[PDB]
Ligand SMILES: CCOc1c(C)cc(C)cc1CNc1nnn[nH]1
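Only one chain is shown below, in structure tokens, and it's the form solved without the ligand.
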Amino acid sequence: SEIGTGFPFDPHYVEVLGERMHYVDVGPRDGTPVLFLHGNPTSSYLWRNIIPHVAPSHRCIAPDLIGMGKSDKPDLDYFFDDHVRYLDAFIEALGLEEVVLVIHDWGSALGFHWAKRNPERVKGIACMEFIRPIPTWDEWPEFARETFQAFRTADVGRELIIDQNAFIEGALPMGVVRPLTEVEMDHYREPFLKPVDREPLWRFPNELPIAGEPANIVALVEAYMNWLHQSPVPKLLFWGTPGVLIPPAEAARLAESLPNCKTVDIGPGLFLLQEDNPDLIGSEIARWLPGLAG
């Protein structure tokens, strides 16, 4: 597939709530910008081979979430609400008005939550392996079930994620169909070389709305899934087999229940669909974008 391992983007940094957040910023500076939101345990690196399909026709902005990627690492609890506050302010610091969202994992919770609060400002949502309510563990795929249950068990989770760096060395390769190369692994490892900096990677999977907990995250996600269900905004939904957060049966269900939703099968896929078929994801987004103007 010739999947590029390089990250050939000029680094940019903007002051947000007294901290520096890194972001990619390429492509033309008129038109509607496309805002790329990664999740755990990733960063803007996740979008490296999708962005070139879009940059020719649209501005691409891809921030690194606070405590992740090349962004500053303040001493926060790194709950979802921390991420909401920082992204809201990133968005304001960049003077963005209307945007198109391209989102994944916790980047999708952030995006969908920002959309619900600012519906008039989002012209489209491209999403994949995104956060929805997981009412039973039974719907979490077997192969990844014990991994995440352990992440969420008291003290054992921290030892795995902070001490063994398990999210990076274990969960991450598991969530990619193809074998990641060492070069790719080293980019992903980069922000988390020091154990103490791995805090956001532990808090996040403990924020996942699974089996009713944490209750506040469940309610928030349900609220944005309800907004999404009601919203006429154009939607582009990428899915793989068997997936992780989004099983093929869930995508098919959403294909019918979500208004103005086009679904796209990337082929074999787990968690980081971007790593398995970035050419289809990129080119489909690029084809879909011009229609957003009406």
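From 1 onward, residues are counted along the sequence shown.
One more form of this protein exists, namely the form deposited with the ligand bound; it is left out here, but the text below deals with it.
Chemist: Go through 142 to 150, 118 to 126, 73 to 81, 215 to 223 and give me the stretch that gets within 4.5 Å of the ligand in the deposited bound form, heavy atoms only.
Modeler: Selected range: 142 to 150.
Chemist: Taking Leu65, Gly69 and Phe192 as a possible spot, do all three reach the ligand in the deposited bound form with a heavy atom inside 4.5 Å?
Modeler: No, the candidate spot makes no contact with the ligand.
Chemist: Would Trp106 count as a contact of the ligand in the deposited bound form, using a 4.5 angstroms cut-off between non-hydrogen atoms?
Modeler: Because a heavy atom of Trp106 falls inside 4.5 Å of the ligand in the deposited bound form, the answer is yes.
Chemist: Contact between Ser43 and the ligand in the deposited bound form at 4.5 Å, heavy atoms?
Modeler: No, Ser43 stays farther than 4.5 Å from the ligand in the deposited bound form.
Chemist: Would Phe204 sit within 4.5 Å of the ligand in the deposited bound form, counting heavy atoms only?
Modeler: Yes, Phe204 lies within 4.5 Å of the ligand in the deposited bound form.
Chemist: Taking the ligand as it sits in the deposited bound form, is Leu208 in contact with it (heavy atom to heavy atom, 4.5 Å or less)?
Modeler: Answer yes; at least one heavy atom of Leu208 falls within 4.5 Å of the ligand in the deposited bound form.
Chemist: Among the candidate residues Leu228, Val54, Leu35, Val244, which is the single one with a non-hydrogen atom no more than 4.5 Å from the ligand in the deposited bound form?
Modeler: Selected residue: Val244.
Chemist: Which residue, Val183, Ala93, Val196, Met174, is the contact with the ligand in the deposited bound form, using a 4.5 Å heavy atom cutoff?
Modeler: The residue from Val183, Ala93, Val196, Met174 that makes the contact is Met174.
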